[PDB]
Structure formats: C-alpha cells, structure tokens
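Trainee: Got start-v3.csv for you, CSV, C-alpha atoms:
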chain,number,residue,atom,x,y,z
A,1,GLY,CA,-8.5,19.5,-11.8
A,2,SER,CA,-8.4,17.3,-8.7
A,3,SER,CA,-11.9,16.9,-7.2
A,4,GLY,CA,-12.5,14.6,-4.3
A,5,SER,CA,-14.9,11.8,-4.7
A,6,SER,CA,-18.6,12.6,-4.9
A,7,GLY,CA,-21.6,10.3,-4.4
A,8,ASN,CA,-19.8,7.0,-3.6
A,9,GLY,CA,-16.7,5.9,-1.8
A,10,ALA,CA,-15.1,6.4,1.7
A,11,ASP,CA,-12.8,9.2,2.8
A,12,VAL,CA,-10.9,8.7,6.1
A,13,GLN,CA,-9.5,11.9,7.5
A,14,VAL,CA,-6.2,11.3,9.3
A,15,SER,CA,-4.7,13.9,11.6
A,16,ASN,CA,-1.8,14.1,14.1
A,17,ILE,CA,0.5,12.2,11.8
A,18,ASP,CA,4.1,12.0,12.9
A,19,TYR,CA,5.7,14.3,10.4
A,20,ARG,CA,9.1,13.1,11.5
A,21,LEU,CA,8.5,10.0,9.4
A,22,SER,CA,9.0,10.2,5.7
A,23,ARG,CA,6.0,10.6,3.4
A,24,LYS,CA,6.9,7.3,1.8
A,25,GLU,CA,7.3,5.6,5.2
A,26,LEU,CA,3.9,6.9,6.3
A,27,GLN,CA,1.7,6.5,3.2
A,28,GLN,CA,2.8,2.9,3.4
A,29,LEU,CA,2.3,2.3,7.1
A,30,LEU,CA,-1.2,4.0,7.1
A,31,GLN,CA,-2.3,1.9,4.1
A,32,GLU,CA,-1.1,-1.2,5.9
A,33,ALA,CA,-3.2,-0.7,9.0
A,34,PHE,CA,-6.4,0.3,7.2
A,35,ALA,CA,-5.8,-2.7,4.9
A,36,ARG,CA,-5.9,-5.0,7.9
A,37,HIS,CA,-9.5,-3.9,8.3
A,38,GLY,CA,-10.8,-3.7,4.8
A,39,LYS,CA,-9.5,-2.7,1.4
A,40,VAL,CA,-7.4,0.5,1.1
A,41,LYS,CA,-8.5,2.5,-2.0
A,42,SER,CA,-5.9,5.3,-2.0
A,43,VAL,CA,-3.6,7.3,0.3
A,44,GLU,CA,-3.3,11.1,0.1
A,45,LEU,CA,-1.0,13.3,2.0
A,46,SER,CA,-1.3,17.0,3.0
A,47,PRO,CA,1.1,19.7,1.7
A,48,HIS,CA,2.0,20.5,5.3
A,49,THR,CA,5.6,19.7,6.2
A,50,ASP,CA,5.2,20.1,10.0
A,51,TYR,CA,3.5,18.7,13.1
A,52,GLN,CA,0.4,19.9,11.2
A,53,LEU,CA,0.8,17.1,8.7
A,54,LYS,CA,-2.6,15.6,7.8
A,55,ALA,CA,-3.8,13.0,5.3
A,56,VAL,CA,-6.8,11.3,3.8
A,57,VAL,CA,-7.0,7.5,3.5
A,58,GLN,CA,-9.5,6.4,0.9
A,59,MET,CA,-11.3,3.1,1.5
A,60,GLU,CA,-13.1,0.9,-1.1
A,61,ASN,CA,-16.1,0.1,1.1
A,62,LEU,CA,-17.9,2.6,3.4
A,63,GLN,CA,-18.4,0.3,6.4
A,64,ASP,CA,-14.7,-0.8,6.2
A,65,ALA,CA,-13.9,2.8,7.1
A,66,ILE,CA,-16.4,3.1,10.0
A,67,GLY,CA,-14.6,0.5,12.0
A,68,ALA,CA,-11.2,1.2,10.6
A,69,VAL,CA,-11.6,4.7,12.1
A,70,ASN,CA,-12.8,3.7,15.6
A,71,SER,CA,-10.2,1.0,15.5
A,72,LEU,CA,-7.0,2.8,14.1
A,73,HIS,CA,-8.1,5.7,16.3
A,74,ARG,CA,-5.0,7.0,18.1
A,75,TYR,CA,-3.0,4.2,16.4
A,76,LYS,CA,0.4,4.3,18.0
A,77,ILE,CA,2.4,5.2,14.9
A,78,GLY,CA,5.9,6.6,14.5
A,79,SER,CA,6.3,9.0,17.4
A,80,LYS,CA,2.8,10.3,17.5
A,81,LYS,CA,-0.8,9.0,17.8
A,82,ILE,CA,-2.8,9.3,14.6
A,83,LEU,CA,-6.4,10.4,14.9
A,84,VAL,CA,-8.8,8.8,12.4
A,85,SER,CA,-12.1,10.4,11.5
A,86,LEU,CA,-14.6,9.8,8.7
A,87,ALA,CA,-15.4,12.5,6.2
A,88,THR,CA,-18.7,13.9,4.7
A,89,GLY,CA,-19.3,15.9,1.6
A,90,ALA,CA,-22.3,17.8,0.4
A,91,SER,CA,-24.4,15.1,-1.2
A,92,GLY,CA,-24.9,11.9,0.8
A,93,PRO,CA,-25.1,8.3,-0.5
A,94,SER,CA,-28.8,8.9,-1.1
A,95,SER,CA,-29.4,5.3,0.1
A,96,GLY,CA,-33.0,4.4,1.0
Write out the structure in this file as structure tokens.
Mentor:
Amino acid sequence: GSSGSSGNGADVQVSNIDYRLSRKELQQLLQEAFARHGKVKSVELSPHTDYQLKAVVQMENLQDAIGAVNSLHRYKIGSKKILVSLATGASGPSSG
C-alpha cells in the first residue's frame, strides 16, 4: 500500500548512483548533500542492485528541490556522477 505523494511535496529523481557504495552509505550521503540546500524529507532507494541503481530524494519544500537538482546535478559521488532531476505526477500543485 505504498503510494507516492500526491498534491503537495517534492520528489527528486536520482539516477546514475554508484551502486558500488552500500545503500546505507548512499542514502546517507545523498541526504547530506540535499540537506546542504534545503530540508531533506525522505530518501528512497530502487530495488536495482546494479549500475542501474536509482533513487528518489524527497524534499520538504518544492523550491529547495529546484536548485538542489540543478546544483547537485552530476554531483561527484562515490565513483560515479549522480544525475538529479525533479519529478511530476498527474495532478499539479494547483497553485494560482
């Protein structure tokens, strides 16, 4: 019964994560970087156990993510450069 956020929140799609590094050593490092920008909400990891190891860094504030993405973009991590990218669902923030 795990359903990603819907309506409010920020989802940062992370790709090209150095699988070589342990999941505990990553989820911690990633959260650290994003934290330097804003406030890290949560850190999720993909079930992939290979070079195709992705993840999703949840951020408290939306804006915080915007920059955090263009900033952490290609963040020299572990032994591979992580590619940050925002995420969009079906229903937008409906902000007018």
Trainee: So, with all atoms listed in the file as the atoms that count, which of A:71, A:96, A:19, A:5 lies closest to residue 47 in chain A?
Mentor: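 Of A:71, A:96, A:19, A:5, the one nearest residue 47 in chain A is A:19, counting all atoms listed in the file.
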Trainee: Of the candidates A:92, A:38, A:9, A:1, which one gets nearest to residue 69 in chain A if we count all atoms listed in the file?
Mentor: A:38
Trainee: Do you know which residues are at most 10 Å from residue 76 in chain A counting only C-alpha atoms, after dropping those on the same chain fewer than 6 positions away, and could you put them as a PyMOL selection string?
Mentor: chain A and resi 18+82-83
Trainee: Could you produce a table of the residues of range 42-80 of chain A lying within 12 Å of range 31-36 of chain A, with the nearest pair of atoms per residue and their separation in Å rounded to one decimal, using only C-alpha atoms, ordered by chain and increasing residue number, as a Markdown table?
Mentor:
| residue | atom | partner | partner_atom | distance |
| --- | --- | --- | --- | --- |
| A:42 | CA | A:31 | CA | 7.9 |
| A:43 | CA | A:31 | CA | 6.7 |
| A:44 | CA | A:31 | CA | 10.1 |
| A:45 | CA | A:31 | CA | 11.7 |
| A:55 | CA | A:31 | CA | 11.3 |
| A:56 | CA | A:31 | CA | 10.4 |
| A:57 | CA | A:31 | CA | 7.3 |
| A:58 | CA | A:31 | CA | 9.1 |
| A:59 | CA | A:34 | CA | 8.0 |
| A:60 | CA | A:35 | CA | 10.1 |
| A:61 | CA | A:35 | CA | 11.3 |
| A:64 | CA | A:34 | CA | 8.4 |
| A:65 | CA | A:34 | CA | 7.9 |
| A:66 | CA | A:34 | CA | 10.8 |
| A:67 | CA | A:34 | CA | 9.5 |
| A:68 | CA | A:34 | CA | 6.0 |
| A:69 | CA | A:34 | CA | 8.4 |
| A:70 | CA | A:34 | CA | 11.1 |
| A:71 | CA | A:34 | CA | 9.2 |
| A:72 | CA | A:33 | CA | 7.3 |
| A:73 | CA | A:34 | CA | 10.7 |
| A:75 | CA | A:33 | CA | 8.9 |
| A:76 | CA | A:33 | CA | 10.9 |
| A:77 | CA | A:33 | CA | 10.0 |
Trainee: Any idea what the distance is between CA of residue 25 in chain A and CA of residue 88 in chain A?
Mentor: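 Interatomic distance here is 27.3 Å.
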Trainee: Measure the distance from CA of residue 14 in chain A to CA of residue 78 in chain A in Å and round it to one decimal.
Mentor: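 Calculated distance between CA of residue 14 in chain A and CA of residue 78 in chain A is 14.0 Å.
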Trainee: Nearest residue to residue 15 in chain A out of A:62, A:30, A:53, A:87, using all atoms listed in the file?
Mentor: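 Using all atoms listed in the file, residue 15 in chain A sits closest to A:53.
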Trainee: May I ask which of the residues A:54, A:41, A:26, A:7 is the closest one to residue 79 in chain A, counting all atoms listed in the file?
Mentor: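 Of the candidates, the smallest distance to residue 79 in chain A is held by A:26.
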